[PDB]
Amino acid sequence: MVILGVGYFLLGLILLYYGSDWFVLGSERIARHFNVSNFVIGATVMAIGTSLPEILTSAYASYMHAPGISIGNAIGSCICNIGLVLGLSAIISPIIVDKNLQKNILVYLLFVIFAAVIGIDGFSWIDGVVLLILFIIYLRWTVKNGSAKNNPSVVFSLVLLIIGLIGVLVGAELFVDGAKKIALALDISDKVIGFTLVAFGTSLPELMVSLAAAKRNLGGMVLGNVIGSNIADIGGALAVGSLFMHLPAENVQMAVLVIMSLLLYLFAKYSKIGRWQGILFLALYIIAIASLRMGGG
């Protein structure tokens, strides 16, 4: 039982580690095949693939009458993706953002501010429908602007991508299930801590994929994955949750998100996303986890 937990834990870590690199390599190849930028592949295929855990979690939680967990997971993930994921990644591989990606980030910022505003009194199912529609438009707009028989180069590419994605998603699940089994076996299971960590657990794919990308200096892919994941978590995970039940307001977390998103845009536009910017993101992340209410909603 503690043995099984340790086996899942370790296997999960292995699958996350190697799976992330395969997903990155396959995604980079696919980008070249389709003549799109790494940012575009990161913001679309990679972002959505890695946000499948958030979407399922938020949908399930709300369906099970825990809308606090549903929104806690969605917004907590966005904060994790900028504070921790981008923070670490930026230190590993500093990013200078080109003029067109800057505009994509501005659109992201507007979307986040829009979500925060309509969310002041919580999120209804109509809020969800709107955010989902905007999410779809964002994807199509992003692909438009970043764009332009059986081929073994392409097949290998898709295999790498899909197997890598399977690897990170199964890996994250095993890692989390393993941790939970260990905690249970050692009699240190704590529901409040567990729910606090939901958003982190679902963000393990984003974390490992972004670190793998950063190690290969694929800065545009890192940024696309972070920006795209946050949009997927709001227009997808949060939105779907709101379809099952009204989601209670999280005004403090949304304000933290808006502040981090604003900083991300300002750095992108006027500076770079490098070592000191990453240090700041991590510092804000650490302050957030030190001070935000526990329980994940």
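One rule holds for the numbers: they count along the sequence shown, beginning at 1. Rigid core: the largest C-alpha set superposing within 1.5 Å between the two forms.
- Core superposition of the other structures onto this form places the C-alphas of 197-205 farther off in 9 other deposited structures of this protein than those of the other stretch among 197-205 and 130-138.
- Where the structures in 9 other deposited structures of this protein are fitted on the rigid core, 182-190 is the one of 182-190 and 102-110 whose C-alphas sit farther from the shown form on average.
- Mean C-alpha B-factor is higher over 177-185 than over the other stretch, the pair under comparison being 177-185 and 83-91.
- Note on 123-131 vs 156-164: mean CA B-factor is higher in 156-164.
- Note on 286, 24, 11, 279: the highest value goes to 11, judged by CA B factor as recorded.
- Per the deposited coordinates, the residue with the largest Cα temperature factor out of 224, 146, 205, 76 is 146.
- The PDB entry assigns residue 138 a C-alpha temperature factor belonging to the lowest third of its chain's modelled residues.
- Ranked within its chain, residue 265 lands in the lowest third, by CA B factor from the PDB record.
- Residue 210: CA B factor in the lowest third of modelled residues in this chain (values from the PDB entry).
- Residue 101 sits in the highest third of its chain by CA B factor, as recorded in the PDB entry.
- The PDB entry assigns residue 192 a C-alpha temperature factor belonging to the highest third of its chain's modelled residues.
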